[PDB]
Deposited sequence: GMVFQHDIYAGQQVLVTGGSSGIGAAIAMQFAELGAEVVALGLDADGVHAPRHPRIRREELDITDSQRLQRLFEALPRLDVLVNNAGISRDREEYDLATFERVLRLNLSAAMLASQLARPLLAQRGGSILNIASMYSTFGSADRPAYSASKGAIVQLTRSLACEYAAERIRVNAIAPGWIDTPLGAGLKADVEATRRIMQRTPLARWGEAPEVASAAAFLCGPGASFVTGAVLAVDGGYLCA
C-alpha cells in the first residue's frame, strides 16, 4: 500500500528481538520490501516468529557479548540495524539485580550491537533504529528500570546520531504507545489515547521502513512517536 516493492532489495537488515511482537513485524516489513533480514531473539522458531523466505531466524541471547560479536563478524554486509529487543519485570525491577538485568538488555546490548554494526554500516552508509517508549517521557512507578532504560535509549540514539553522522549512518528511534503484542488500567490507557485503541505491531513497522530508507535522508537523532496521541492527552 505505501512503499514500492523492492526499495530494500539487495540490503541486509538485522533486527534484535525479531522473534515476536514489534520485532517480528519489523522483520516482516523489511523482508516484504526486498531486504534479507536476520531476526535475532529468544525462542527464534516459536509461534510468533516471522516466516518468510528472506528472513533467517536465529536463536541468540544478545547479552552474550562474545556470541553477538561472532555473529556480526560473520555478516558479509549490513545496511540497517534495529535494536528492538526489550524486557520489563514490572515491580521486581525494585530489586537491584533485576533492575540491572533490564538495563543490560534494554540499553547495554543496544550499545554493543550498534558498535558491532558500525563498521558494516559505514561501508555504504546505512541506519540504526532504536525502540523507545512512552516511558522515555513519563515515569513508571511499576517499572522504574524499564523507564530508566528507555530514557537512556533516547539519549543513546541522540549520542550515536552525533558520532556516526561522519560515516553516513543515521540513528533514530520510534517511541511506540501501547501496542497490542487489568480492566481499570485498560480503561485509563484508552481514555488517554486520542485514537482510543491499541497500536498494532505493523504500524510501528511501517514507521521503521520509512525512517531507515532514503525518504528520511535528513532525519537523524529523531524520536518518532507512534502512539495514537497518548503523549498529548
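**Student:** Would you mind checking the deposited sequence against the model and listing the stretches with no C-alpha coordinates?
**Tutor:** 1, 183-190 are the stretches of the deposited chain that have no C-alpha coordinates in the structure.
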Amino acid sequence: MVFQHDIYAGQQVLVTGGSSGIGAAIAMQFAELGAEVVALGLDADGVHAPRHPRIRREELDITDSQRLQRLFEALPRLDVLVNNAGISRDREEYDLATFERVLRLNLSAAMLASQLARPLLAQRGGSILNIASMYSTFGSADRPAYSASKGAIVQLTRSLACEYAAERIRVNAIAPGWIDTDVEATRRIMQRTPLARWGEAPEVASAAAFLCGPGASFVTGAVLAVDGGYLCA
From here on, numbers count along this sequence of modelled residues.
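**Student:** If you average the CA temperature factors over each stretch, which comes out higher, 59-67 or 191-199?
**Tutor:** It is 59-67 that shows the higher mean C-alpha B-factor.
**Student:** Which has higher Cα B-factors on average according to the PDB entry: 150-158 or 118-126?
**Tutor:** So the stretch with the higher mean C-alpha B-factor is 118-126.
**Student:** Out of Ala205, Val171, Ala175, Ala44, which shows the largest CA B-factor listed in the entry?
**Tutor:** Most elevated C-alpha B-factor of the set, per the entry: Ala44.
**Student:** Between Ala74, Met111, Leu81, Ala132, which one tops the list for C-alpha B-factor in the PDB entry?
**Tutor:** Of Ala74, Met111, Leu81, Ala132, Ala74 has the highest C-alpha B-factor.
**Student:** Taking the values exactly as deposited, rank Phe138 by C-alpha B-factor within its chain and report the matching third: lowest, middle or highest.
**Tutor:** Bottom third by C-alpha B-factor.
**Student:** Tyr8's Cα B-factor: lowest, middle or highest third of the chain?
**Tutor:** Its C-alpha B-factor, which the entry lists for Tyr8, ranks in the middle third among residues of this chain.
**Student:** Which third, lowest, middle or highest, does the C-alpha temperature factor of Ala35 belong to within its own chain?
**Tutor:** It falls in the middle third of the chain.
**Student:** Could you say whether, by C-alpha temperature factor, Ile26 belongs to the lowest, middle or highest third of its chain?
**Tutor:** Its C-alpha B-factor belongs to the lowest third of this chain's values.
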